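Shown next as structure tokens: one chain only, the form deposited in one PDB entry.
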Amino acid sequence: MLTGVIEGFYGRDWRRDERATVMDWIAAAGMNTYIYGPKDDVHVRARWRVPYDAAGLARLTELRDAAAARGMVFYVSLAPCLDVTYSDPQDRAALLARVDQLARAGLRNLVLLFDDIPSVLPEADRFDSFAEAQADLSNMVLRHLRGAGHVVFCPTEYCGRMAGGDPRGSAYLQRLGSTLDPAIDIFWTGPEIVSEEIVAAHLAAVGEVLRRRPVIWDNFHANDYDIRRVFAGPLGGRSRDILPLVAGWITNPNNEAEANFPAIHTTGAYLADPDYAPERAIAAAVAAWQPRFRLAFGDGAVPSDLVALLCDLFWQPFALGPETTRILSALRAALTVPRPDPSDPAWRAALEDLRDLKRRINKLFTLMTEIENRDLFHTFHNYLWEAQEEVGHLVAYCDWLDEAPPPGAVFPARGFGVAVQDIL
């Protein structure tokens, strides 16, 4: 089974040290695949007919080798879907020269992406469909490798919603399933681009129409679409019972390399462990992550409980972490009335936990500014700044209610920020 990371998100490309770091993490998580396909690389997509430079190939072979050194396989992406005439011999040879330049460089693991297409088939073509054309084009690529290499296909309709709800209801998928060579794997992101859950019944349906088990392309931890947010919590919403229904697991992670330690650590635990539990898994990721938080000029590091807090604040796309969730729910239960009673123990307890949360966020903020690893600092600073401001606002508001102000009086002047603003 193919497992690992795709560098396939909308952001900056990683440096060579960053890719090397990510590769260590993937291998340590017991995963086996790294897929190269950054938007930085003009050859991947924007100008796909243009073969790599001598130096560009060199860079890729280097990555292949850094991955092989780690017990991982390395794939190269090609996205000839925007301006493709699927029947044109000039385009076909150009695709084939791309494939051949790589194949002969000894880079035979490929992804072919068809995610962004023209609304109608190009005149010099209208096969019966986009599906048949892409399928034919992809089979060509397969037949060119002569059974020595591997191809994964990213389809145009890659989640339930884009397939109309039930994937068995899509014609593109119907046709893709029957025309695409069975040696070629197909990506799927679940019922949505960013799926809150991916359930067994859903993937049974997908398997039927594609006539094969899909390779998961999981966007659970991606943050390109919302640069206001980052996801440092554990992989959630996918039961272990869906794994017999898949051909693979590729994570599309956060834009910033340093952000991805927990996403990779917990995904790998999900893949390896029958008893995977998100809260237990994030505890192990924190314990293994903490050494990256060494303080500058010092032997000490950010303490474990604060690293744990970081994950808790910036948890999942559809959930704040359990610790901050319960602290805010207890405060909500106490704000059931407009004027909390300062003497009430329930309000007293909620408030003190809120105030403690602020102290802890403030320590974490300050400590992060002092860490040796500046990239890790840069990765989190702004998210932490917002967290620290709106817990500040929440405490000032509740500190105000704790003075028994007369009613009528007015206060003088998914994730953490929004949860807080929802309470205001």
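What we label the rigid core is the largest C-alpha set whose atoms superpose within 1.5 Å from one form to the other. Residues that one form lacks are left out of the comparison. Residue numbers here begin at 1 and follow the sequence given.
Gap between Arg240 and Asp241: none; every deposited residue in this span has coordinates. For the segment pair 252-260 and 336-344, the entry gives 336-344 the higher mean B-factor, averaged over Cα atoms.
The PDB entry reports B-factors from which the mean C-alpha value can be compared for 243-251 and 165-173; the larger average falls on 165-173. As recorded in the PDB entry, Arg126 shows the highest C-alpha B-factor of the residues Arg326, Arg212, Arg292, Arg126. Out of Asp312, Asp218, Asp116, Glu196, it is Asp116 whose C-alpha atom has the highest B-factor in the PDB entry. Per the PDB record, residue ranking by Cα B-factor puts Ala55 in the highest third of the chain. Among the modelled residues of its chain, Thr267 has a C-alpha B-factor that falls in the lowest third, as given in the PDB entry.
When all modelled residues of the chain are sorted by CA temperature factor, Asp24 is found within the lowest third. Sorting the modelled residues of the chain by their CA temperature factor places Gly300 in the middle third. Among the modelled residues of its chain, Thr85 has a C-alpha B-factor that falls in the highest third, as given in the PDB entry.
Form deposited in another entry: not shown, discussed below.
Following superposition on the rigid core between this form and the one not shown, the residue from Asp88, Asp224, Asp353, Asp136 with a C-alpha displacement of 2 angstroms or more is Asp224, and no other. Here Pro405 does not count as shifted, since its C-alpha moves by less than 2 Å between this form and the one not shown after the core is aligned.
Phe9 shows a C-alpha shift of 2 Å or greater between this form and the one not shown [criterion: core-superposed Cα displacement of 2 Å]. One change in that other deposited form concerns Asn223 and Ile327, whose Cα atoms lie at least 3 Å farther apart than in this form. By 3 Å or more, the C-alpha separation between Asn223 and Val307 grows in that other deposited form relative to the form shown here.
Regions that shift between this form and the one not shown, defined as runs of three or more consecutive residues whose CA atoms all move by 2 angstroms or more after core superposition, comprise 9-12, 223-228.
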